[PDB]
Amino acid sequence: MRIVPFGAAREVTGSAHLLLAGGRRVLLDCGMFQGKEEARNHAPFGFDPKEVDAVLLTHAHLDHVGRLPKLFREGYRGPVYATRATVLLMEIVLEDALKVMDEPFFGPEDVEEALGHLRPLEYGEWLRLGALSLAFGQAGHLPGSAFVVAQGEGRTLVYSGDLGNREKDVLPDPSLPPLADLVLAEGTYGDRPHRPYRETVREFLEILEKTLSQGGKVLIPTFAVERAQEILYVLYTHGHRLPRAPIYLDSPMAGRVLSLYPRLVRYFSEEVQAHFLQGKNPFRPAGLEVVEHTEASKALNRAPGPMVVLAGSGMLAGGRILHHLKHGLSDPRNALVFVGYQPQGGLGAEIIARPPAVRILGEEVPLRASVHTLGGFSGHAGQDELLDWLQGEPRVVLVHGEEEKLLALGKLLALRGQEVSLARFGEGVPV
């Protein structure tokens, strides 16, 4: 049995790993590259898509399913297994990819063709290919997210996919993986733990209470797939102690995802399922408004607070959020709250450096608004959680992380008496 990394090697985007065992070739994920590597989505896979027997997708995020349609575009016609939630979410993520894609590398037909081969596979259901046995494990990173357990030829492999931050409340706790001969694991936060969640929430509530009281605007850059909805959940469960204010989910995509959530009730934590059982959607706080078009979106830039605005891009790389920052950063009564990681080198990092004035949309703008960074909202297991999940595993191969981050985790794993390496692109690893 062997596993060949074909993305997310010494980097975070591009997840796709070819499992060679049981007499078959199974591709684990097939995400796109994002950021500076984006052009690479136009380059070849490094393997023959027509020679793939099946595909399993851990979760709906673009860096795990973005290249799936290129796979079909290039001949693949086999099944693609994923949980119903991933299937449902993927549809939304793929349609959006088409629209907002600079230089596309697949077309609408490649997408309908890809979605056409999706077959449901839920946690605790074994898939059988030749002498290979595959199952999904609970990852707690997104609704329907999972890690993969592959057993064949007398050996056991586990592919973590992306693990969640078990401290948060929306998703259920990640399951522990089975004891394996090899674990291909992510290490996004290999260098450090996250600030405790409960502590992050209180600080979050304090910032909102303070800002909305003085009639200011609370600007929140958010990702449309789970982050935004998680914020609303907090607003619903604790907003009772906040001054009255409209909450604008200024993201059509986050809107579509929100609408889908009630259909995915069983994929959330017991806490969230219990709310739904009482007929109460915990993702819809009082004052929730979903902004569909540009006109109303821009109108918010000139309308006074108090208000809470949720918008993308979550990493400030374009989107309505920029327009809100352009017109709201100059007012000291407002507040910019980051609830997700900002890649060093980008606009977020600059803002956080607190310079006298940052440049947005081709223009310098004074930075008077207060700024906060709540990494505690992260959707990835922090180093400490990564260490707990990996506990007792003889061998670990690290992917999905910046080289330094992966090294930091590796150092600790090696010191713990566990064999570890940083996966290399195309370099098969025996299981």
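One rule holds for the numbers: they count along the sequence shown, beginning at 1.
349-357 and 239-247 differ in mean CA B-factor, and the higher of the two is recorded for 349-357. Looking at mean Cα B-factors across 277-285 and 315-323, the upper value is held by 315-323. Per the PDB record, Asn301 has a higher Cα B-factor than any other of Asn301, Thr200, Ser269, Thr86. In the PDB entry, the Cα temperature factor peaks, among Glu186, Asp102, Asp173, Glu292, at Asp102. Residue-level temperature factors show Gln138 in the lowest third of its chain, judged at the C-alpha atom.
When the CA B factors of the chain's modelled residues are split into thirds, the value for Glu230 lands in the lowest one. Annotation for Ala21: CA B-factor lies in the highest third of the chain's modelled residues. Placement of the Cα temperature factor of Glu109 within the chain: highest third of the modelled residues, per the deposited record.
Per the deposited record, the Cα B-factor of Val371 falls in the middle third when ranked against the other modelled residues of its chain.
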